[PDB]
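Below sits a lone chain in structure tokens, taken as the form deposited in one PDB entry.
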């Protein structure tokens, strides 16, 4: 019935925009064919729609955001239930739309999203590989469109007047390239050089102008925090990573999120993490900072506010460094080798942080 429910796109526009030659400078257009289904797969689609947009700035007007708005207005017209949404989108999401879809997925337990992309947008760019990793960890299922999916979206969203789908040359080769690229950038771990040069806890002299953040999640069963291998991650910063962890898909009740950040939070990061832990009673937050970040301003009140709201704040020592080497770094079997005076420096940093967080005088 999808044909009834959509107003189809021209065969030429489909062939033009879903051609999956990986590099395609000239396509300023995104097309997003979406279908909405119930929990069980035998059921027919409740609705479907085609969205269009441009790749260039003002992302509010990107088809992903248009879908989010349309879907928000659509769910209010139907009894509340669990939905499975499938996308056939000609370009992979941008950084901002990845963030927005990830927030939406992490805060909604009743929505499942599968995204089939024809081409990866900016697969060479570390920000976008991170964007796809964020989307995947929020719970979206990222895939490359293969022959079957082009056939399906020809049949369902294109005015293929009885016409069968006829592939262009090199469709499977482009799929091979794109699916290898997506698989690797999804399974990517931190580089050893950037780990040891960003988590090094000696006084700043060089570099380190970015924040690096590893995180693990555990949940509570029988008063013992059992780990959840499936939702570890690491992020690079120049809002709030806790808005991207789906605290609902992890087996229920309560959670503890352990955080290893190369720099201690600046003021607004502390404010946002405090607001989150205050609006989400079921989550405990543990922070481990390699270094204290002095933003010349309100960082101290930020850390104190974060501490008063239940977060535990400490500095990384040997075991946290080794843990993040083993877990989040592409170590290649090589073991963690600490820099000189790591323990010394971390004890001094612990002293400054304790002075910072100290409330009552002795």
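Residue numbers count along the first chain shown, from 1.
Just so you know, the form deposited in another entry exists too; it's not on screen, but the next bit is about it.
Peer 1: Are residue 197 and residue 99 assigned to a single rigid part between the shown form and the other one?
Peer 2: No - residue 197 and residue 99 lie in two rigid parts, which move independently between the shown form and the other one.
Peer 1: Given a CA distance change of at least 3 Å, are residue 181 and residue 233 closer or farther in the other form?
Peer 2: Their C-alpha distance shrinks by at least 3 Å in the other form.
Peer 1: Taking the shown form as reference, are the C-alpha positions of residue 233 and residue 84 brought closer or pushed farther apart in the other form, with a change of 3 Å or more?
Peer 2: Residues separate in the other form, at least 3 Å farther apart.
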